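First comes the structure, then the notes that go with it.
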There are 2 protein chains.
Amino acid sequence: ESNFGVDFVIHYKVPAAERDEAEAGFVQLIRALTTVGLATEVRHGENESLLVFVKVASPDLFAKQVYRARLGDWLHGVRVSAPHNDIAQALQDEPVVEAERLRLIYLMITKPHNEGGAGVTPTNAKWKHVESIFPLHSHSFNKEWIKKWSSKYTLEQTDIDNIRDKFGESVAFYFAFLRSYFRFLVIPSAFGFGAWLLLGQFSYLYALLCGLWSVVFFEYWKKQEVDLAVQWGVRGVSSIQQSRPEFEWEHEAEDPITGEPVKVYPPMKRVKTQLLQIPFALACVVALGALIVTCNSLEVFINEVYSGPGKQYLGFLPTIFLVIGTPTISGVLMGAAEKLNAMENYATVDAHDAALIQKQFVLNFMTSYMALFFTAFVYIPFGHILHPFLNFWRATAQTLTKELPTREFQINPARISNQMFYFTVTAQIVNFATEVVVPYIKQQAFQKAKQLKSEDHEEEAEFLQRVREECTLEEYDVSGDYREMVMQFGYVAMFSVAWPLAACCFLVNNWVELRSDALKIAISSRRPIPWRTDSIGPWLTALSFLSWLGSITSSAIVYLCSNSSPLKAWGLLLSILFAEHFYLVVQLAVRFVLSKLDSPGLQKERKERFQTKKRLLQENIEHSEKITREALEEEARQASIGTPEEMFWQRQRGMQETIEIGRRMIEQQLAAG
Amino acid sequence: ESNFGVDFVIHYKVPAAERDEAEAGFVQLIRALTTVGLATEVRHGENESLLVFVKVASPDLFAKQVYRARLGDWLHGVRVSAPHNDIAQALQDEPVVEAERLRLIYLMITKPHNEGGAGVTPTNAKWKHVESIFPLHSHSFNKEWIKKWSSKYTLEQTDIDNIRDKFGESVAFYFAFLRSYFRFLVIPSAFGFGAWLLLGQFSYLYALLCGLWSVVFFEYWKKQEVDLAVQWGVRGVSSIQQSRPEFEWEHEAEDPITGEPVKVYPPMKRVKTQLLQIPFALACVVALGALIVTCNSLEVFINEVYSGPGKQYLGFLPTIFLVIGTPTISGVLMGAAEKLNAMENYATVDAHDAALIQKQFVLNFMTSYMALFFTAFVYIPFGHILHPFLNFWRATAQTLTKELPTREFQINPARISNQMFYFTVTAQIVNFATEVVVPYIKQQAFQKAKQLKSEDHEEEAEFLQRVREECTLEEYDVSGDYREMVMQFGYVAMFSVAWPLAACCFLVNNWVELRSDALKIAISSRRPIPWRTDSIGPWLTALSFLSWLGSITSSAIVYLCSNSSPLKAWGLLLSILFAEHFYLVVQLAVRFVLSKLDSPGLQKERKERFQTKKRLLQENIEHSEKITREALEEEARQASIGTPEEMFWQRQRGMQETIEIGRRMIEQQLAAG
Ligand SMILES: [Ca+2]
Ligand SMILES: [Ca+2]
Ligand SMILES: [Ca+2]
Ligand SMILES: [Ca+2]
């Protein structure tokens, strides 16, 4: 029903080996926790673990730290205004939300000891026994949240603000991105269904209208991202995160803006190491891309040119050979990339996580579209370059057992429609299996293992059984649901011209996905620690790269596929050159139009930043004789001791003397004529 | 030698007609001027004019307005910090420069009467008799300035800061731009001379290295523009200018940021009118471009295919027919553009002047490069499409007087070298004539007209003769010297691949031009009113358009000209597509590298904006029992009246009780195994 007012849960695995040192660390832990100012409780959890429940003891002592955290946000420019001069008045204007409370408790348990409470981050390895620090769910809210989101057709802005109030900003930006992406998916589903009825397959008019859509959505999200940023009070929070515990710093120096001592690193030594990302990425497209092509070279031999026995039995040979390789070789390439960003020496935890994405994006670019790059550019337009690869597999299949029967090779034009039919409606359903219900069935099977093996009080018995169940769940990553939506945006921007019902079917997926990822937070993951992010992250560069490449590839397809005369190469370069420059001129139009549209987000900051300069300010016929007072003064001060320029101003004094002298010169100039 | 401490000079033409109303306006003028707080002097000037000399009377009264102007800059976010709390201390930290003094005196004489001093702007037409308000030169400074700049090889940063201190920012940004452009012109003069010796004419390697230069200069200037902005204290001064006196405003409403009543206009009504700039510009390239081509169609008939008498006599027929048309038809197109921006309803004077440039740039794009667009793309690669135009002029010359002798048409490959030889070394010298010495000779001839026609005091006689001479000089426009330097940047970015000694010869021009435009302020123009600009203006979009088009056209030339096999069109599109994307990937590299380089300009603002929040802030084993104090308190407050979750926290209190209970559960879990 409800938690026992508990803020956080520390798992603290205690193994058989190093048992006395874990107990000595257990005394060292809870004596460190009680000095921060939070009440502790230890309970019987798993077979070798001790659930350490913590809440903050004094709310008045806690209200001081909230006031110091809100002041620290405004001191660095994050908050739009200063807090109130009276304590507990700014807490009464806006209260502490459940997300901001769990963030400051987590920063009490995870910060260096000199500047903060206790260093219970497990990455320090002074204690390797702390398994995880995680907050608890409240199942009264999750039953209300899934019921409310499934009942409504759309989501109001106040519904996503409930996610910001309880699950932090970094979770709430995903649902804010997914809602704005689902509503902007209505537009290319409209003429995407229209280009399926009026126009033919591979319409050139659709490829220009889709390239218009991919930049009017992406630029509008950049306007709505900074609008949601200052609305939630989270703006410019790139620099405000604690540094990583693993960080090599050349010399500690003075901070330029902050004026405190901070560990600084020369960025040109990092740009020297950041230059190595290009020899890493070019090894990625060869290690993965030659693997995708070769298993695509297999299927074009088994399916089309083959008339032997067990044709469907050998039809699963390319697929089951592909799903073995791609998690294994990308697992290797994720290993070297993890040693690359560790070598890159990222200070804050956000920049370390974001550049891990840019290495994780290149692999997931190659597991996604390399099956469609080979079909759209090598199989369909000129499959006769594939004939020596068909001459290879014809030689090796003769060595199996007489000659095996082959048909003459014919380019099947329905391949890219059938390949897109996998990625649009078939891959989405099996992903809907793997995202929610296959974890939910696996939670049932792990529950029955507890019943196979088959001390608490009257009210703690169901609660402690819930926390032990909640603890084995993995931490939710908001990166994992960004990868699914950006790769889905890749199919619309690059490859929806080959199958214009893609945006119509991706639309009905994201209505489910907006309520299925909400269900994934509820029952299939423990609550993540509420982090603050000013932006969506590094995905803006990922969305802009697919949008720019979507202009090239969707227009290179529609020249190479619509003829299915024989592919003059000047037409291919011209079909790119007009459409790639059509993307740039429209991007210059949409960026200019939204620049002229008013931003209500930035104005509410600029209104208060002006007005806070005003409140610092507000706390801190008779004028002709004053000129004659000065004219006597500039005489009497300089006549005591130059004198040519002094006498020039004193020929005429006051006003009415200078008028009547000027009146004579109008007479004197007119009298000569 | 020196001025008589005079701040400004009002000319106030008084004609024969409307003479009594001009005298009544003269009383109305100088009675309005004396209420602002400035001493006035009227003197005998030109035959129908009255030189009204003004200075501010009381420096203590003037110091109040400087303090109100410096506070108004900080209140809008322009100034990096607030002024001092003590009056005349912030004037003692930084003094009033001669540029800031003449700006505030000019805003006293040019502002509406309710919010300011007097509306003596002549555009109001309540008085049409005020000819000009202009400050005076100081010839002691100008003799020192021209001598110092001609003596040194380069210019230090402190030399340009002397121009900011006396001629305002908007003049000083041109010399700061020209110095940074002259020093960055060393780079393409280096390999531009190298591509003239090692490589041949039309080198492809030069066209990539020049496109690298045009973006590493332009992005570095955008870094140096915001660096010079906050250094001079002029930053974000786009919104701070007074509105134009001619401005239609739909309804006066509340200002969002400023919170004062201001006249607002809906910007989407302007974007509706801003959409008309494209049907205006496409009429510009046809009215001018068909004029440039037709007079180029004449010269290709007279010079090459003709053997009649008076060949050099008819050789000046295309040139003298061209210099008649282009000032006249662009004078028409400047008239409609002046009615276009007037229809566009620009509020501030900077945005009205900047969008006049973007219409004035399109014409000066077409007077400059249309002679080179026809040569590089129509004459050299396929001159056989020009043969029907040669068939036209062959028909009309037979009707003059027997058949006139024609040679067979041969494409001269030395045309674009001879055409660039005009624009690089020949057009620069005649422009050096027309810029400084032809105005200087014309000032001598206008001086001798005064001696042909052939009342003052002992010291005013040479000074009043100087002011009457200074008044007839035109106001200096900083736009006129930006047009020469941006068009010079067009020849380097677009057309220097055809003649690689262009950047070598443009380098030796800008050493002269940096000291010739400095001489143009001194003797050939009255001092402009010192205006403040945060940016160089709209020329950043002009420099970026030539840099992007410089990637296309210099690479389309080197395919179409190097063959001078027969011009396969797939090579032309590929030579663009690689080099135009080479421009984009290098632009993404240079923008990222300068983003990682530290900006010392923005940090000095962010250091003080943090510290001014700190000064608002600064003016306004024993902790375990406090948890047990709260644990008794949360008991005794809730035991007076829920109770399950209350009793959960009170099973264990303090620290040492919770330790020893946790010590048993390590025993109890290990005892079962
Ligand atoms: Ca899914
Ligand atoms: Ca997801
Ligand atoms: Ca010149
Ligand atoms: Ca100039």
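Only the coordinates and a few stated rules stand behind these numbers; no lab work does. Note that we place each Cβ from the backbone using ideal geometry, even for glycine, and neighbour counts take in every protein chain shown.
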* Using bins 10 angstrom wide from zero, how does P(r) for the protein assembly as shown break down, in % of all Cα pairs? -> 1, 6, 12, 16, 17, 15, 13, 9, 6, 3, 1, 0, 0
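Please give the FRET efficiency for residue A:440 paired with residue B:349, using the beta carbon to beta carbon distance and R0 = 60 Å, rounded to the nearest 0.05.
Working: r = 66 Å, r/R0 = 1.11.
According to the calculation, E is roughly 0.35.
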* Could you work out the local net charge near residue A:507, counting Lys and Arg as +1, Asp and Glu as -1, over the other residues with Cβ closer than 11 Å to its Cβ? => 0
* Structure fact -> Reduced to Cα centres, the span from the range A:648-673 to the range B:253-305 in Å works out to 49 Å
* **Separation in nanometres of the label points that stand 7 Å from Cα toward Cβ, at residue A:16 and residue B:650** => 4.2 nm
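Rank the residues B:665, B:420, B:647, A:268 as a footprinting-exposure proxy: fewest other Cβ atoms within 10 Å of their Cβ go first.
On the way: B:665 19, B:420 24, B:647 16, A:268 12.
The order, fewest Cβ neighbours first, is A:268, B:647, B:665, B:420.
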* **Projected label distance in nm at residue B:672 and residue B:584, using a 7 Å step from Cα toward the beta-carbon** => 6.3 nm
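Dipole of the protein assembly as shown, Cα-centred, from +1 at each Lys and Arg C-beta and -1 at each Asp and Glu C-beta, to the nearest 20 debye?
Working: 132 positive and 150 negative charges, 792 e Å.
Dipole size: approximately 3800 debye.
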* Structure fact -> Restricted to the protein assembly as shown, the DSSP antiparallel beta bridge percent, nearest 5, is 95 percent
* To do: Could you pull the copy-to-copy label distances for residue A:446, with points set 7 Å along Cα to Cβ, in nm to one decimal and sorted shortest first?
  => 8.9
* Compute the label-point distances linking residue B:285 to its equivalents in the other copies; points lie 7 Å from Cα along Cα→Cβ; give nm, one decimal, shortest first. => 3.2
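Would you mind checking A:147/A:596; A:128/B:626; B:64/B:520 for any pair whose Cα atoms are more than 32 angstrom apart?
From the list (A:147/A:596; A:128/B:626; B:64/B:520), the Cα-Cα distance tops 32 Å for A:147/A:596; B:64/B:520.
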* **Cβ-derived FRET efficiency at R0 30 Å, residue A:402 paired with residue A:429, nearest 0.05** => 0.10
* DSSP-defined beta bridges in the range A:1-620 - what % are antiparallel, rounded to 5 -> 95 percent
* **Theoretical FRET efficiency, 1/(1+(r/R0)^6), r = Cβ-Cβ of residue B:421 and residue A:332, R0 60 Å, to 0.05** => 0.50
* Structure fact -> Sorted shortest first, the nm distances from the residue B:328 label point (7 Å along Cα→Cβ) to its counterparts in the other copies are 8.3
* To do: Determine the distance separating the Cα centre of the range B:156-232 from the Cα centre of the range A:484-544; give it in Å without decimals.
  => 45 Å
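Got a sec? How would A:373, B:173 order by Cβ neighbour count within 10 Å, fewest to most? Intermediate values should be presented prior to the final figure.
On the way: A:373 19, B:173 27.
With the fewest neighbours first, A:373, B:173 line up as A:373, B:173.
Can you check what the net charge comes to around residue B:544, using other residues whose Cβ is under 11 Å from the Cβ of residue B:544 (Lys, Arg +1; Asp, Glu -1)? All intermediate terms of the calculation are to be shown ahead of the outcome.
Values: positive: B:222; negative: B:219.
It works out to a net charge of 0.
Within 10 Å of each residue's Cβ, count the other Cβ atoms and sort A:133, A:523 from fewest upward. Numbers along the way, then the final one.
Numbers: A:133 20, A:523 15.
With the sparsest Cβ surroundings first, the list reads A:523, A:133.
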* Long-range amide H contacts for residue A:8: which residues qualify at under 5 Å (H placed 1.01 Å from N, peptide plane, sequence gap of 5 or more or a different chain)? -> A:54
* Could you tell me what fraction of 2.2 N^0.38 Å the Cα radius of gyration of the range A:570-673 comes to, as a two-decimal ratio? => 2.56
* To do: With a point put 7 Å past each Cα toward its Cβ, work out how far residue A:286 is from residue A:197 in nm, to one decimal.
  => 5.0 nm
* **Convex hull volume per residue for the range B:1-620, taking Cα atoms only, in Å³** => 217 Å³
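If you place +1 on the Cβ of every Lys and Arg, -1 on the Cβ of every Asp and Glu, and leave all else neutral, what size is the dipole of the range B:247-398 about its Cα centre, to the nearest 20 Debye?
On the way: 8 positive and 12 negative charges, 181 e Å.
Dipole size: approximately 860 debye.
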* Specify which residue in the list A:386, A:431, A:366 is farthest towards the positive end of the charge dipole of the range A:341-498, using unit charges on the beta carbon of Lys, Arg (+1) and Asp, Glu (-1), about the Cα centre. => A:386
